[PDB]
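Below is one structure, written out as structure tokens; the observations come after it.
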Amino acid sequence: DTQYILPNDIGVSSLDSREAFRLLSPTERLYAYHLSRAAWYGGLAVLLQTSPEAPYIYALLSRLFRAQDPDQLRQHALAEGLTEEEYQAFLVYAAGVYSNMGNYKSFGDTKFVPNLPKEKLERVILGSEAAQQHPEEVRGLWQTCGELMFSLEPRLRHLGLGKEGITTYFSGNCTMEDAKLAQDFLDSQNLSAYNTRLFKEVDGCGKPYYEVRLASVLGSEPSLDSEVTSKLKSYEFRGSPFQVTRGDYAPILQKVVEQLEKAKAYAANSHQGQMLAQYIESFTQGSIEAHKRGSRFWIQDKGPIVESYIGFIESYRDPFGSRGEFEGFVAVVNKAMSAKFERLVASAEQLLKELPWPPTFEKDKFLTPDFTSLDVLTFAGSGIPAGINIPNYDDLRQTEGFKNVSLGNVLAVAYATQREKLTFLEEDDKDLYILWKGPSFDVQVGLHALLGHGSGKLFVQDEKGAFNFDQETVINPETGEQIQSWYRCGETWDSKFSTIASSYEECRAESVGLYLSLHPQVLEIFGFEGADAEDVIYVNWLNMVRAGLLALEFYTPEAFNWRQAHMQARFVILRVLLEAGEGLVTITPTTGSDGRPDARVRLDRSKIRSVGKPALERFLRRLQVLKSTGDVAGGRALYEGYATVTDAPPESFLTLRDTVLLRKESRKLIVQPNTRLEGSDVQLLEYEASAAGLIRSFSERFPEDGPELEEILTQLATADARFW
Amino acid sequence: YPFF
Ligand SMILES: [K+]
Ligand SMILES: [Mg+2]
Ligand SMILES: [Mg+2]
Ligand SMILES: [Zn+2]
């Protein structure tokens, strides 16, 4: 319960993937094997996308645990004066770095440090077997990342632009001003920011020069592609010098495409074969257009037995909100659980009409999307989600299609329901909570992805200003006047709304979730029918307003900034429901049984349909309108209004926040399995649900080129050392 | 667009 540290007794759970793996054919297993290898390899790039010291820390930890496993290192550490508690703190820290691919939390963007004396850890590291075998490599790493491993200077505590934040999407001297200037340049050149970073170097005269570096295997040398290499030049944008380069994470992405090529030899069909070819093209040249073509092929691969997606996909941890963090997952379709979601798709087109906006703001043609339940074998990157809506290419979402994915074996881990852990709830609600926490999620997730992220028309204009809608007929339902604002050529959702783009869209989807959860037909699809159907509704709403309070952990008062998109979104919904008044929801600061400050969330079950629905319907309509028209000014005025955290009566949120932090619970670490090629078969390796078990899972993750990866990450970090 |  201390900030910027991971507790020793932090929860660790193992991903359950054994049964899903057993059903796979030999060809499918080899397919999943190489894709997993490609994912895990690219996942290392997240280290470079997190903090300057992160690649060094991973290299140091990987060197340490290759020579001595957690039990071998224990005997050395304890012989050096460390207590078992202090050694446990180190194991938890290392598992944290592994599970996040960095020394910052993927959920909250806060730094975490080892919970033990630095000089004690030094004796362990410098006296380790890894140090005895490679004293130069180890002493160099400790000299480099040692201080930053423990430093909790205010400017290092959170991720972000400016001087009071850390980011490696940008050089250290970059600000929001620079990021905005870069995005305008990118938009004008029709160049996606997903696989790019921005570096600003001043000259001898103090004049800044901007480098937009794309991620690719290939560097400045001539290649077969012209779509990217024609962009590899110097520019003049508004007096500012710009240069588009590539070759970011080149040797890492080289490892990735090696495995994508091998996986391509086991593709079940031409859709899988061609999507992998485009991914290879994308990761080799640095073309998002190529990744788009791959994504287009990927959507056409419906109901696969082994589902996968890889690349610089989500843009949450970019403080500007346009650059993508690398991720890659490999999962097995769960035919049984995927049934309830396909029943939702079967009635999805109908349910879209129930949404609080006219079809002029809805997509033209309903494309029947793929919604499946998946059992994860591999999810590389900073963290694991519960459900996904992908691809994030909006031009594909409303013209080609999109896939919906629910990670069933991940949901099971999140169902860790303990009575003691349920904070800010009355005794009457705790029992109802545990009973329907699971079912309500499946319902919420189902609406969040399919009808949430999958709904909404975007107004666009091409190189000649003709619209994908009809300006002469379409009317803004909030003003009554014709459409005034829209998206121009090169503009995306992330490019316009930038810093609030992720939270805004997540809030819109979450609102659709609560809204359409009142629909009895939907309650049938998941099958609750009666009193149970009334119960899952209350719990879903109860969880939301509870989540809105818990969200205060992920807000930074000194920076007036939200750090987590989903939690900020849930705080907004709470503020909206609080705005409706009439005693629908109240927050009451109390005193806990332990004698510490506490709080209680009161939600009147009866006023959910009478007060709650008109509150959301009004709010949800204003969201979609501003989103469809790209009204960033109105969008920010609306969203950042509810997102405001003050100590105003009667809630006093700034006071509540101190209580939220005091009684906060750390998110579980998740251990993932490995796949090996013993002989001609693929075997699944499983690990202990612990810190040591998680460490072991990464010690066996790269058995062929482990030491090589450490050297690669080290040299890639050293190359960019001047930036921070 | 995931869901955490
Ligand atoms: K974003
Ligand atoms: Mg910074
Ligand atoms: Mg994580
Ligand atoms: Zn989502």
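Every chain in the structure tokens takes a letter, A first, then B, and so on in the order presented; its residues are numbered from 1, and the ligands are numbered from 1 following the presented order.
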**Study point:** chain A contacts to chain B at 7 Å (only C-alpha atoms) as number ranges by chain
**Key:** A: 314, 385-390, 392, 566
Please dump the current selection as a PDB file, in the first residue's frame; keep N, CA, C and O atoms.
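Ended up saving to result28.pdb:
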```
ATOM      1  N   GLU A 314      -2.052  -0.043 -30.008  1.00  0.00           N
ATOM      2  CA  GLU A 314      -2.754   0.897 -29.140  1.00  0.00           C
ATOM      3  C   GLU A 314      -1.903   2.110 -28.775  1.00  0.00           C
ATOM      4  O   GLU A 314      -0.689   2.004 -28.607  1.00  0.00           O
ATOM      5  N   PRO A 385      -5.303  -7.027 -21.713  1.00  0.00           N
ATOM      6  CA  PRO A 385      -6.672  -6.515 -21.611  1.00  0.00           C
ATOM      7  C   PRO A 385      -7.689  -7.625 -21.361  1.00  0.00           C
ATOM      8  O   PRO A 385      -7.326  -8.800 -21.342  1.00  0.00           O
ATOM      9  N   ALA A 386      -8.950  -7.249 -21.177  1.00  0.00           N
ATOM     10  CA  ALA A 386     -10.019  -8.223 -21.006  1.00  0.00           C
ATOM     11  C   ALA A 386     -10.676  -8.526 -22.347  1.00  0.00           C
ATOM     12  O   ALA A 386     -10.965  -9.678 -22.664  1.00  0.00           O
ATOM     13  N   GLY A 387     -10.905  -7.478 -23.129  1.00  0.00           N
ATOM     14  CA  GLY A 387     -11.491  -7.613 -24.449  1.00  0.00           C
ATOM     15  C   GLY A 387     -10.964  -6.537 -25.376  1.00  0.00           C
ATOM     16  O   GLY A 387     -10.570  -5.470 -24.918  1.00  0.00           O
ATOM     17  N   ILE A 388     -10.945  -6.810 -26.678  1.00  0.00           N
ATOM     18  CA  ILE A 388     -10.380  -5.864 -27.636  1.00  0.00           C
ATOM     19  C   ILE A 388     -11.304  -5.585 -28.817  1.00  0.00           C
ATOM     20  O   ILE A 388     -12.034  -6.465 -29.269  1.00  0.00           O
ATOM     21  N   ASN A 389     -11.266  -4.350 -29.309  1.00  0.00           N
ATOM     22  CA  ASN A 389     -11.859  -4.011 -30.598  1.00  0.00           C
ATOM     23  C   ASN A 389     -10.757  -3.573 -31.552  1.00  0.00           C
ATOM     24  O   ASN A 389     -10.130  -2.535 -31.351  1.00  0.00           O
ATOM     25  N   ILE A 390     -10.515  -4.373 -32.582  1.00  0.00           N
ATOM     26  CA  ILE A 390      -9.411  -4.133 -33.504  1.00  0.00           C
ATOM     27  C   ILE A 390      -9.797  -4.556 -34.921  1.00  0.00           C
ATOM     28  O   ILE A 390     -10.675  -5.400 -35.091  1.00  0.00           O
ATOM     29  N   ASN A 392      -7.573  -0.704 -35.242  1.00  0.00           N
ATOM     30  CA  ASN A 392      -7.883   0.668 -34.857  1.00  0.00           C
ATOM     31  C   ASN A 392      -7.947   1.617 -36.048  1.00  0.00           C
ATOM     32  O   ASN A 392      -8.076   2.828 -35.876  1.00  0.00           O
ATOM     33  N   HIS A 566      -9.287   4.284 -19.127  1.00  0.00           N
ATOM     34  CA  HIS A 566     -10.508   3.603 -18.707  1.00  0.00           C
ATOM     35  C   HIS A 566     -11.036   4.139 -17.379  1.00  0.00           C
ATOM     36  O   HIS A 566     -12.244   4.287 -17.198  1.00  0.00           O
TER      37      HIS A 566
END
```
Exercise for review: Can you list, as a PyMOL selection string, all residues belonging to stretch 107-227 of chain A that DSSP tags as strand (DSSP E)?
Suggested key: chain A and resi 196-202+208-215
Point to revise | Who sits within 12 Å of residue A:262, only C-alpha atoms, same chain under 4 positions skipped, as an MDAnalysis selection string | key: chainID A and resid 27 30:38 255:258 266:267 273 276:277 280
Show me a table, sorted first by chain and then by increasing residue number, of the residues of chain A having an atom at most 7 Å from ligand 4, each with its shortest atom pair and the distance in Å to one decimal, counting only C-alpha atoms and all ligand atoms and written as a tab-separated table.
```
residue	atom	partner	partner_atom_place_in_ligand_line	distance
A:388	CA	ligand 4	1 (Zn)	6.3
A:389	CA	ligand 4	1 (Zn)	6.6
A:448	CA	ligand 4	1 (Zn)	6.0
A:449	CA	ligand 4	1 (Zn)	6.0
A:453	CA	ligand 4	1 (Zn)	6.6
A:506	CA	ligand 4	1 (Zn)	5.2
A:509	CA	ligand 4	1 (Zn)	6.4
```
**Study point:** Site check for ligand 1: residues at most 7 Å away, only C-alpha atoms and all ligand atoms, as a ChimeraX atom specification
**Key:** /A:315-316,321-322,494,498-499,501-502
Output N, CA and C atoms for every residue in the selection just made, as a PDB file, in the first residue's frame.
```
ATOM      1  N   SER A 315      -2.557   3.260 -28.645  1.00  0.00           N
ATOM      2  CA  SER A 315      -1.866   4.510 -28.360  1.00  0.00           C
ATOM      3  C   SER A 315      -2.295   5.117 -27.026  1.00  0.00           C
ATOM      4  N   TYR A 316      -2.179   4.338 -25.955  1.00  0.00           N
ATOM      5  CA  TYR A 316      -2.545   4.805 -24.623  1.00  0.00           C
ATOM      6  C   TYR A 316      -1.389   5.495 -23.913  1.00  0.00           C
ATOM      7  N   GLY A 321      -0.904  10.707 -27.486  1.00  0.00           N
ATOM      8  CA  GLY A 321      -2.002   9.808 -27.794  1.00  0.00           C
ATOM      9  C   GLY A 321      -2.171   9.411 -29.250  1.00  0.00           C
ATOM     10  N   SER A 322      -1.077   9.365 -30.002  1.00  0.00           N
ATOM     11  CA  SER A 322      -1.154   8.976 -31.407  1.00  0.00           C
ATOM     12  C   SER A 322      -0.185   7.847 -31.750  1.00  0.00           C
ATOM     13  N   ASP A 494      -7.346   9.854 -33.362  1.00  0.00           N
ATOM     14  CA  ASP A 494      -6.276  10.145 -32.416  1.00  0.00           C
ATOM     15  C   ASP A 494      -5.577  11.466 -32.724  1.00  0.00           C
ATOM     16  N   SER A 498      -6.366  13.772 -29.715  1.00  0.00           N
ATOM     17  CA  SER A 498      -5.050  13.597 -29.095  1.00  0.00           C
ATOM     18  C   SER A 498      -5.065  13.023 -27.678  1.00  0.00           C
ATOM     19  N   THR A 499      -4.881  13.899 -26.695  1.00  0.00           N
ATOM     20  CA  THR A 499      -4.654  13.486 -25.314  1.00  0.00           C
ATOM     21  C   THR A 499      -5.886  12.889 -24.635  1.00  0.00           C
ATOM     22  N   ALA A 501      -8.359  11.444 -26.599  1.00  0.00           N
ATOM     23  CA  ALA A 501      -8.917  10.531 -27.596  1.00  0.00           C
ATOM     24  C   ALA A 501      -9.222   9.145 -27.032  1.00  0.00           C
ATOM     25  N   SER A 502      -8.257   8.562 -26.328  1.00  0.00           N
ATOM     26  CA  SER A 502      -8.417   7.216 -25.780  1.00  0.00           C
ATOM     27  C   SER A 502      -9.474   7.156 -24.683  1.00  0.00           C
TER      28      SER A 502
END
```
Review point. Given a cut-off of 6 Å, what residues near ligand 2 show up using only C-alpha atoms and all ligand atoms, put as a VMD selection string?
Key: chain A and resid 160 to 163 165 to 167 172
**Study point:** Pairwise distance for atom CA of residue A:445 and atom CA of residue A:339, rounded to one decimal in Å
**Key:**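 Value for the atom CA of residue A:445-atom CA of residue A:339 distance: 14.5 Å.
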Review point. If you count only C-alpha atoms, which residues fall within 9 Å of residue A:3, apart from same-chain ones fewer than 2 positions away, as a list in words?
Key: residues 1, 5, 6, 110, 111, 112 and 661 of chain A
Selected residues, C-alpha atoms, written as a compact mmCIF listing (two decimals), in the first residue's frame, please.
```txt
# COMPACT_ATOMS: atom_id res chain seq x y z
CA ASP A 1 0.00 0.00 0.00
CA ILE A 5 6.52 0.21 -4.99
CA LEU A 6 5.07 -3.24 -5.63
CA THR A 110 3.60 5.28 -12.59
CA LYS A 111 7.17 4.26 -11.78
CA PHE A 112 7.88 1.42 -9.37
CA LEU A 661 -4.99 5.61 -2.24
```
Practice item. Could I get the residue neighbourhood of ligand 3 at 7 Å, counting only C-alpha atoms and all ligand atoms, as a list in words? Key: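 Using only C-alpha atoms and all ligand atoms, I find these residues within 7 Å of ligand 3: residues 99, 100, 105, 106, 107, 382, 383, 384 and 669 of chain A.
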For the selection just defined, write its residues with N, CA and C atoms to a file, as a compact mmCIF listing (two decimals), in the first residue's frame.
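Output file selection12.txt follows:
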```
# COMPACT_ATOMS: atom_id res chain seq x y z
N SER A 99 6.59 -8.25 -16.38
CA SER A 99 5.17 -8.25 -16.72
C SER A 99 4.71 -6.93 -17.34
N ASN A 100 5.51 -5.88 -17.17
CA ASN A 100 5.18 -4.58 -17.73
C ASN A 100 6.08 -4.18 -18.89
N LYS A 105 4.26 1.12 -14.43
CA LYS A 105 3.03 0.33 -14.52
C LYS A 105 2.30 0.60 -15.82
N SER A 106 1.93 -0.46 -16.53
CA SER A 106 1.17 -0.32 -17.76
C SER A 106 -0.21 0.28 -17.49
N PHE A 107 -0.72 0.02 -16.29
CA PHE A 107 -2.01 0.54 -15.87
C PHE A 107 -1.82 1.61 -14.80
N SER A 382 3.06 -4.49 -22.70
CA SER A 382 3.02 -3.89 -21.37
C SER A 382 2.01 -4.58 -20.45
N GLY A 383 0.90 -5.05 -21.00
CA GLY A 383 -0.13 -5.69 -20.20
C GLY A 383 -1.17 -6.46 -20.99
N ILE A 384 -2.10 -7.08 -20.28
CA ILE A 384 -3.16 -7.87 -20.91
C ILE A 384 -4.53 -7.27 -20.64
N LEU A 669 -0.19 -9.64 -10.96
CA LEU A 669 0.76 -9.97 -12.01
C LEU A 669 0.33 -11.29 -12.64
```
Check your understanding: Mind checking DSSP for stretch 9-117 of chain A and telling me the alpha helix (DSSP H) residues as a VMD selection string?
Key -> chain A and resid 18 to 22 26 to 43 45 to 48 54 to 67 70 to 79 84 to 100
Take the selection from the previous step and output its residues with C-alpha atoms, as a short mmCIF file (atom, residue, chain, number, x, y, z; two decimals), in the first residue's frame.
```
data_model
loop_
_atom_site.label_atom_id
_atom_site.label_comp_id
_atom_site.auth_asym_id
_atom_site.auth_seq_id
_atom_site.Cartn_x
_atom_site.Cartn_y
_atom_site.Cartn_z
CA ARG A 18 -3.58 -26.16 -21.12
CA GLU A 19 -6.97 -27.29 -22.44
CA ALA A 20 -7.05 -24.86 -25.36
CA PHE A 21 -3.57 -26.02 -26.38
CA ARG A 22 -4.51 -29.71 -26.28
CA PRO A 26 0.35 -30.23 -34.94
CA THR A 27 0.20 -27.67 -37.77
CA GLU A 28 -1.74 -25.20 -35.63
CA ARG A 29 0.72 -25.67 -32.77
CA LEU A 30 3.69 -24.86 -35.01
CA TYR A 31 1.70 -21.89 -36.27
CA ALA A 32 1.08 -20.65 -32.73
CA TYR A 33 4.67 -21.43 -31.74
CA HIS A 34 6.31 -19.09 -34.24
CA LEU A 35 3.71 -16.37 -33.81
CA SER A 36 4.31 -16.50 -30.05
CA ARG A 37 8.04 -16.21 -30.72
CA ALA A 38 7.38 -13.18 -32.93
CA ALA A 39 5.19 -11.61 -30.25
CA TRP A 40 7.61 -12.13 -27.41
CA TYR A 41 10.43 -10.75 -29.49
CA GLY A 42 8.62 -7.59 -30.46
CA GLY A 43 7.38 -7.24 -26.89
CA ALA A 45 10.58 -3.10 -27.89
CA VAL A 46 8.14 -1.91 -25.23
CA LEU A 47 11.18 -1.59 -22.95
CA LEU A 48 12.55 1.03 -25.34
CA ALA A 54 14.21 0.05 -18.85
CA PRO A 55 16.23 -1.82 -21.51
CA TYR A 56 19.25 -1.87 -19.19
CA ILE A 57 17.18 -3.14 -16.27
CA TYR A 58 15.80 -6.01 -18.36
CA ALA A 59 19.28 -6.89 -19.60
CA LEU A 60 20.62 -6.87 -16.05
CA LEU A 61 17.77 -9.02 -14.74
CA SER A 62 17.99 -11.42 -17.68
CA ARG A 63 21.74 -11.83 -17.12
CA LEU A 64 21.21 -12.39 -13.40
CA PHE A 65 18.56 -15.07 -13.66
CA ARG A 66 20.20 -16.95 -16.53
CA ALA A 67 23.18 -17.72 -14.31
CA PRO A 70 15.40 -17.55 -8.08
CA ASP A 71 16.37 -20.37 -5.70
CA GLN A 72 20.07 -20.29 -6.60
CA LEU A 73 20.19 -16.50 -6.34
CA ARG A 74 18.39 -16.70 -2.99
CA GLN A 75 21.27 -18.61 -1.41
CA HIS A 76 23.69 -15.94 -2.64
CA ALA A 77 21.51 -12.98 -1.66
CA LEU A 78 20.83 -14.25 1.86
CA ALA A 79 24.52 -15.03 2.31
CA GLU A 84 14.07 -13.20 2.92
CA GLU A 85 11.68 -10.25 2.87
CA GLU A 86 14.22 -8.08 1.05
CA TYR A 87 14.97 -10.80 -1.49
CA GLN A 88 11.24 -11.23 -2.03
CA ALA A 89 10.93 -7.52 -2.76
CA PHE A 90 13.56 -7.89 -5.49
CA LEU A 91 11.78 -10.88 -7.03
CA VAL A 92 8.51 -8.95 -7.07
CA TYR A 93 10.24 -5.97 -8.67
CA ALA A 94 11.86 -8.12 -11.36
CA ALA A 95 8.54 -9.82 -12.08
CA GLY A 96 7.05 -6.34 -12.31
CA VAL A 97 9.60 -5.22 -14.88
CA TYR A 98 8.97 -8.43 -16.83
CA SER A 99 5.17 -8.25 -16.72
CA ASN A 100 5.18 -4.58 -17.73
#
```
